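Beneath this line is the structure, given in structure tokens, with notes to follow.
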Protein chains: 2
Amino acid sequence: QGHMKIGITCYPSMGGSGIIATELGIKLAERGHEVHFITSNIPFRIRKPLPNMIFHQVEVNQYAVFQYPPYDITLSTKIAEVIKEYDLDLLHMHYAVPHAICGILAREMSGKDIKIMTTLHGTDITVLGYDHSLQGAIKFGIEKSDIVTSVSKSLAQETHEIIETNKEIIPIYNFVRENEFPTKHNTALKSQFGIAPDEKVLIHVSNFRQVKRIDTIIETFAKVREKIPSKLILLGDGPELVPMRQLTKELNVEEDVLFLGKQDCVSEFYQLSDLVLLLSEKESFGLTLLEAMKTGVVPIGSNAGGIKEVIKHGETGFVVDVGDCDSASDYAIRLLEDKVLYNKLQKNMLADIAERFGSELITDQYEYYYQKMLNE
Amino acid sequence: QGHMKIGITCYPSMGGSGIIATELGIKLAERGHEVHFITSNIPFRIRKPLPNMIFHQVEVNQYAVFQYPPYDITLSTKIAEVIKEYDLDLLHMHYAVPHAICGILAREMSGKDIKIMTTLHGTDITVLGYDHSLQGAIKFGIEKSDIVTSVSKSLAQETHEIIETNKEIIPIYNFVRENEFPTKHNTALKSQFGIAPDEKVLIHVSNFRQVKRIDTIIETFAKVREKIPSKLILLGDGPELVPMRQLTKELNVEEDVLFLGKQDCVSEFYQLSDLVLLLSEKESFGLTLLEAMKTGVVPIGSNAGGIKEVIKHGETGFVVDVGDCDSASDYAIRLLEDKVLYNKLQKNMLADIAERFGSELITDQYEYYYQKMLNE
Ligand SMILES: O=c1ccn([C@@H]2O[C@H](COP(=O)(O)OP(=O)(O)O)[C@@H](O)[C@H]2O)c(=O)[nH]1
Ligand SMILES: O=c1ccn([C@@H]2O[C@H](COP(=O)(O)OP(=O)(O)O)[C@@H](O)[C@H]2O)c(=O)[nH]1
């Protein structure tokens with residue numbers, strides 16, 4: 001037990017997973033562990049440099065000989081070079097593919113029997129939904145990792161179902177860094193963005209993929225809007241943006257839906273919101289829910305995946321069946337009309353997420369299993 | 001000794017290397033070995049199906065989760081699946097990167113201690129000329145292979161110099177399949193392509209990269225052309241095509257240089273040629289020289305790399321310093337004016353390449369080292 005030398009690999013900019021992996025490394029470095037990120041040359045935005053937190057980055061070039069940019073090999077070579085230069089104790093890889101495989105290859109290249117934790121975020125299920133070429137790679141990356149974790153219990157279950165492995169998968173929930181998301185409401189920025197100070201605000205934040213079911217979110221909002229003057233803020237960009245814009249026209253809510261594009265400072269938008277919606281068809285955890293909940297925003301989610309673990313239906317928010325804009329709008333109208341209900345769920349919610357998703361508690365759990373695999 | 005179950009991975013369409021790897025597999029399958037190609041979905045053009053020669057191919061898709069198409073992992077997974085399904089004895093990987101690494105990863109994924117031969121074609125030197133990110137991967141792929149071969153002695157020497165490894169590298173020359181390149185001259189197609197039946201023809205065949213020094217070839221031809229009515233045929237396409245077209249204008253040989261594009265049936269063009277030129281700055285072997293020489297075409301090459309092993313200066317052709325269009329044109333004019341010299345070099349050449357580069361002899365050498373590593 002004690003100080004560890006840790007190599008972390010993730011996609012630092014790809015959604016929730018990259019945020020989680022980065023914030024976890026920062027928490028570990030603030031405790032005094034020696035933390036090495038090894039990623040491709042993708043930006044990070046670290047605010048305070050630490051001498052014990054080093055970001056190693058690799059360029060993936062094509063050369064005229066490779067048919068494809070050799071990400072897996074270039075990354076594995078860089079991980080192995082950090083293992084040798086800094087005598088790393090363990091690797092923490094995010095995603096079975098490509099990153100568990102990269103860590104396994106880097107272990108071979110380094111000649112050191114380093115321990116490997118792999119954390120599953122749900123992308124390995126997504127890949128297999130498109131085609132089964134990688135079925136054997138995902139099974140191998142899971143089974144040759146020393147410890148495997150998943151960001152929800154639902155994801156651990158789904159993994160066993162789809163991958164067909166006896167490998168133990170440890171559910172360890174996601175978290176937000178509490179000082180990045182102060183619990184507070186602020187109406188100062190509302191006018192800037194064309195929202196009247198009193199107006200109710202519903203927010204959704206995502207990559208605008210079809211799996212997010214923004215169609216259900218806009219349909220929900222249209223039903224809300226005819227009872228309650230309100231705005232729907234949609235943060236992000238992606239494949240469904242134009243079809244969703246068109247949907248707001250067909251439902252006659254175009255002037256009330258704000259497509260604000262990608263935003264780095266999401267905290268300030270949660271601070272002006274009244275409800276957060278994540279009605280996804282598939283979702284291992286749902287980090288935007290937790291970011292909003294920590295801010296104090298009461299959530300409505302679907303019952304897909306881990307969302308029903310994040311939200312306690314009827315206690316800290318509401319959960320609806322996938323695609324049920326009737327029930328979602330019913331709950332939203334009640335929450336926007338009923339301050340007693342809103343205050344009660346919000347109070348329950350703030351206590352619950354402190355209890356189950358606090359950054360200190362989750363970091364302790366990862367740290368515990370780092371040490372467990374180092375002692376096996 | 002005897003029958004082997006062999007997995008071969010190469011880029012089937014990338015230059016000489018892909019031709020060599022494919023033709024070697026065909027030779028092995030014709031002997032009765034069980035030959036499995038495992039490549040990405042890149043065409044092959046096999047003329048006769050054999051029950052003991054199977055082409056496995058893998059799609060490399062992006063999925064929205066991978067930042068780069070995961071070639072290395074998808075290929076390694078497919079190799080491992082063939083190892084398990086067909087109980088392969090050994091892998092023959094072409095290129096230290098990516099393919100030696102893929103074979104090494106596939107060995108881990110398969111759970112079988114399969115033997116791995118890696119053949120170096122020179123691309124690993126080229127990659128490192130552009131940047132040194134992959135230095136450690138190339139060393140690892142070489143050192144963790146059971147046997148490493150190189151297509152020339154020059155390349156083995158260069159590898160030791162640049163990679164800094166004590167690993168034994170076995171020079172095994174390239175070959176052409178003799179019935180694909182009958183020794184014969186044919187003027188029937190000359191008129192079709194705007195060449196008078198008697199006109200002397202110089203040919204060059206390449207990927208039109210700067211390393212091929214087609215500028216030296218066109219400068220050589222311009223000096224030839226003012227003494228001898230003649231045509232320069234340039235087969236292929238690539239980055240230097242437009243600058244080379246412009247060069248033929250500046251030298252006033254535009255009407256005498258035929259840019260014929262990429263050609264699959266190169267044999268028919270060698271059959272109408274009088275000289276072949278390969279004046280490359282870097283070149284591990286120079287397969288187009290051997291294809292032309294087997295056809296009966298006398299070569300002029302540079303002294304780079306393995307070209308001076310393929311050509312015996314003054315005996316089976318001529319070798320010049322890189323960029324020396326003065327000497328190259330001097331030799332070319334002599335060969336095109338002097339049938340005694342031409343016939344003598346051509347006779348020496350046809351005997352020499354039968355002795356050192358015959359397909360049966362080279363296949364025997366690969367087969368010998370397959371068996372050697374299976375017995376170690
Ligand atoms: O404009 C945006 C959109 C998303 N996110 C962040 O992206 C994460 C998860 O979003 P996403 O839909 O991209 O992927 P998934 O949640 O499915 O991982 C959350 O931390 C968001 O705060 C952000 O910062 N700005
Ligand atoms: O139009 C062409 C150009 C090249 N090649 C073949 O490509 C190989 C080697 O060519 P390249 O310059 O592409 O690569 P390198 O020789 O450097 O490997 C030889 O077998 C050629 O016959 C071909 O078949 N048709």
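Chain identifiers are assigned as A, B, and so on, following the order in which chains appear in the structure tokens; residues are numbered from 1 within each chain, and ligands are numbered from 1 in order of appearance.
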
Contacts of residue 48 (chain A) at 12 Å (only C-alpha atoms; same-chain gap of 5+ positions) as an mmCIF file with N, CA, C and O atoms, in the first residue's frame:
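result.cif, freshly written:
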data_model
loop_
_atom_site.group_PDB
_atom_site.id
_atom_site.type_symbol
_atom_site.label_atom_id
_atom_site.label_comp_id
_atom_site.auth_asym_id
_atom_site.auth_seq_id
_atom_site.Cartn_x
_atom_site.Cartn_y
_atom_site.Cartn_z
ATOM 1 N N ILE A 26 -6.144 13.280 -11.906
ATOM 2 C CA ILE A 26 -5.873 14.496 -11.136
ATOM 3 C C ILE A 26 -6.069 14.243 -9.642
ATOM 4 O O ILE A 26 -5.235 14.640 -8.819
ATOM 5 N N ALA A 29 -3.141 12.297 -8.412
ATOM 6 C CA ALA A 29 -1.938 13.123 -8.327
ATOM 7 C C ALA A 29 -2.014 14.080 -7.139
ATOM 8 O O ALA A 29 -1.004 14.327 -6.471
ATOM 9 N N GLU A 30 -3.204 14.615 -6.854
ATOM 10 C CA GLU A 30 -3.348 15.502 -5.701
ATOM 11 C C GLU A 30 -3.081 14.764 -4.390
ATOM 12 O O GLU A 30 -2.644 15.373 -3.409
ATOM 13 N N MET A 53 2.529 14.802 -12.040
ATOM 14 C CA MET A 53 1.529 14.474 -13.056
ATOM 15 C C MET A 53 2.071 14.877 -14.421
ATOM 16 O O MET A 53 2.186 16.071 -14.715
ATOM 17 N N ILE A 54 2.380 13.891 -15.265
ATOM 18 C CA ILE A 54 3.050 14.133 -16.539
ATOM 19 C C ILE A 54 2.174 13.610 -17.671
ATOM 20 O O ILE A 54 1.701 12.466 -17.624
#

Within 10 Å of chain A: residues of chain B, using only C-alpha atoms, as a ChimeraX atom specification: /B:11,14-15,40,58-78,80-81,95,97-98,101-102,104-106,108-110,123-124,126-131,133-141,144,209

Selection: 10 Å around residue 337 (chain A), only C-alpha atoms, excl. self and same-chain fewer than 4 positions, as a list in words: residues 200, 227, 228, 331, 332, 333, 341 and 342 of chain A

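For the residues B:103, B:192, B:305, B:41, ranking by smallest atom-to-atom distance to residue 157 (chain B) using only C-alpha atoms places B:305 first.
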
Hey, could you make a per-residue contact list for chain B against ligand 2 with 9 Å as the cut-off, showing the nearest pair of atoms and its distance in Å to one decimal, counting only C-alpha atoms and all ligand atoms, sorted by chain and number, as a tab-separated table?
residue	atom	partner	partner_atom_place_in_ligand_line	distance
B:13	CA	ligand 2	7 (O)	8.3
B:14	CA	ligand 2	13 (O)	6.4
B:15	CA	ligand 2	13 (O)	3.6
B:16	CA	ligand 2	9 (C)	3.7
B:17	CA	ligand 2	18 (O)	5.7
B:18	CA	ligand 2	18 (O)	8.1
B:19	CA	ligand 2	20 (O)	6.1
B:20	CA	ligand 2	20 (O)	8.0
B:121	CA	ligand 2	18 (O)	8.0
B:122	CA	ligand 2	18 (O)	8.8
B:123	CA	ligand 2	18 (O)	8.8
B:176	CA	ligand 2	20 (O)	8.7
B:204	CA	ligand 2	3 (C)	8.8
B:205	CA	ligand 2	3 (C)	5.1
B:206	CA	ligand 2	12 (O)	3.3
B:207	CA	ligand 2	12 (O)	4.0
B:208	CA	ligand 2	12 (O)	6.9
B:209	CA	ligand 2	12 (O)	7.8
B:211	CA	ligand 2	17 (O)	8.8
B:212	CA	ligand 2	12 (O)	7.6
B:234	CA	ligand 2	1 (O)	8.4
B:235	CA	ligand 2	1 (O)	4.6
B:236	CA	ligand 2	1 (O)	3.7
B:237	CA	ligand 2	1 (O)	7.0
B:260	CA	ligand 2	1 (O)	8.2
B:261	CA	ligand 2	1 (O)	6.2
B:262	CA	ligand 2	1 (O)	3.4
B:263	CA	ligand 2	1 (O)	3.9
B:264	CA	ligand 2	24 (O)	4.7
B:265	CA	ligand 2	24 (O)	6.7
B:266	CA	ligand 2	24 (O)	5.6
B:267	CA	ligand 2	22 (O)	8.1
B:282	CA	ligand 2	17 (O)	8.9
B:283	CA	ligand 2	17 (O)	6.8
B:284	CA	ligand 2	17 (O)	8.2
B:285	CA	ligand 2	16 (O)	7.9
B:286	CA	ligand 2	16 (O)	5.6
B:287	CA	ligand 2	19 (C)	5.5
B:288	CA	ligand 2	19 (C)	4.8
B:289	CA	ligand 2	19 (C)	8.6
B:290	CA	ligand 2	20 (O)	8.9
B:291	CA	ligand 2	22 (O)	7.0
B:292	CA	ligand 2	22 (O)	8.9

DSSP-assigned strand (DSSP E) among region 146-336 of chain B, expressed as number ranges by chain: B: 147-150, 169-171, 200-205, 230-235, 257-261, 275-278, 298-302, 318-320
